[PDB]
Amino acid sequence: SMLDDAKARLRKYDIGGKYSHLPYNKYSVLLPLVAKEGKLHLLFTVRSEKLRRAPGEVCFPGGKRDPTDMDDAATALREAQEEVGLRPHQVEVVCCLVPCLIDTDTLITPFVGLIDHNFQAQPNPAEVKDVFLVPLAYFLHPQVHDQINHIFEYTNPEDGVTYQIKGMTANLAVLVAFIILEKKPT
Ligand SMILES: Cc1cccc(CC(=O)Nc2cccnc2)c1
């Protein structure tokens, strides 16, 4: 099946806990895969305009590890619940992708999660201004604007709203799309 095929592909790229004990300032992100209308989508947030870091930017759910977290995956799931109301029974964490090093002292660990079809986002407005889906296939043929660095513009055909997706968030989206969608019979 589509979902079994995605999980099988993803597992081949799982680094697991290899980098998890290293003494960094630690953050995790959840790359949430949603199946709608027979296709996979990624779920993104738009960060509230009131956050100090990166107000109004498109981001995956996630945040800083805290002492309660059993592991880095727990961080991602805790933060996703806080930001968009995703409950743990509503997500299957399939793998841990390559971590992202930033600022010389920070390591961001991305986890891919399969999201239950009955999940409906409840954006927490103190953290998230919007939640939206993008089809995973978009990231194979994105609409690129050069601001010099590359920015994706995605327009939701449901409402005509355009989102800008940049940086680590854009990079990770492409990676997930390659992993899951490369070399597939039609
Ligand atoms: C791509 C990336 C880079 C750095 C940190 C994060 C996690 C995060 O802060 N997510 C978040 C927070 C609040 C609202 N929406 C999303 C993600």
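Note that the numbering runs from 1 along the sequence shown for the chain. Order of appearance sets the numbers: ligands from 1, and atoms from 1 within every ligand.
In this structure, the side chains of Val58 and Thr45 stay at 4.5 Å or more apart for every pair of heavy atoms. Side-chain contact between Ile115 and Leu86 is present, with at least one heavy-atom pair separated by less than 4.5 Å. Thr75 has its side chain out of reach of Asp66: every pair of non-hydrogen atoms, C-beta onward, lies at least 4.5 Å apart.
Considering backbone and side-chain N/O atoms, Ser28 never comes within less than 3.5 Å of an N/O atom of ligand 1. For ligand 1, the polar-atom distance check finds an N/O of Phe60 within less than 3.5 Å of one of the ligand's N/O atoms.
The 12-atom threshold is not exceeded at CD of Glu158, counting heavy atoms of other residues, nucleotides or ligands nearer than 6.0 Å. Crowding of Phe178 atom CZ: a count of heavy atoms from other residues, nucleotides or ligands under 6.0 Å not exceeding 12.
Nearest protein heavy-atom contact of atom 2 (C) of ligand 1 is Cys59 SG, 3.4 Å. For atom 7 (C) of ligand 1, the nearest non-hydrogen atom of the protein is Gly62 C, 3.3 Å. Protein heavy atom at the shortest distance from atom 12 (C) of ligand 1 is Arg47 NH1, 2.9 Å. Counting protein heavy atoms only, atom 3 (C) of ligand 1 is closest to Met168 CE, 3.6 Å. Looking from atom 16 (C) of ligand 1 to the surrounding protein, the closest heavy atom is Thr45 OG1, 3.1 Å.
Taking every non-hydrogen atom of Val128 and a distance limit under 4.0 Å, the qualifying atoms of ligand 1 come out as 14 (C), 15 (N). Counting atoms of ligand 1 from 1 in the listed order, those under 4.0 Å from a heavy atom of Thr169 are 1 (C). Residue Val29 has at least one heavy-atom neighbour below 4.0 Å for each of these atoms of ligand 1: 2 (C), 6 (C), 7 (C), 17 (C). Close approach of ligand 1 to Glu127 is summarised as follows: ligand atoms under 4.0 Å from at least one heavy atom of the residue are 13 (C), 14 (C).
Every residue was checked against the side-chain hydrogen bond (donor to acceptor under 3.5 Å, both in side chains) condition with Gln122, not counting sequence neighbours, and none meets it.
Taking the six-membered ring for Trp and the full ring otherwise, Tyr154 and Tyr163 have centroids separated by 6.0 Å or more.
Judged purely by distance below 3.5 Å, without hydrogens or angles, the side chains of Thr155 and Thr162 pair a donor atom with an acceptor atom.
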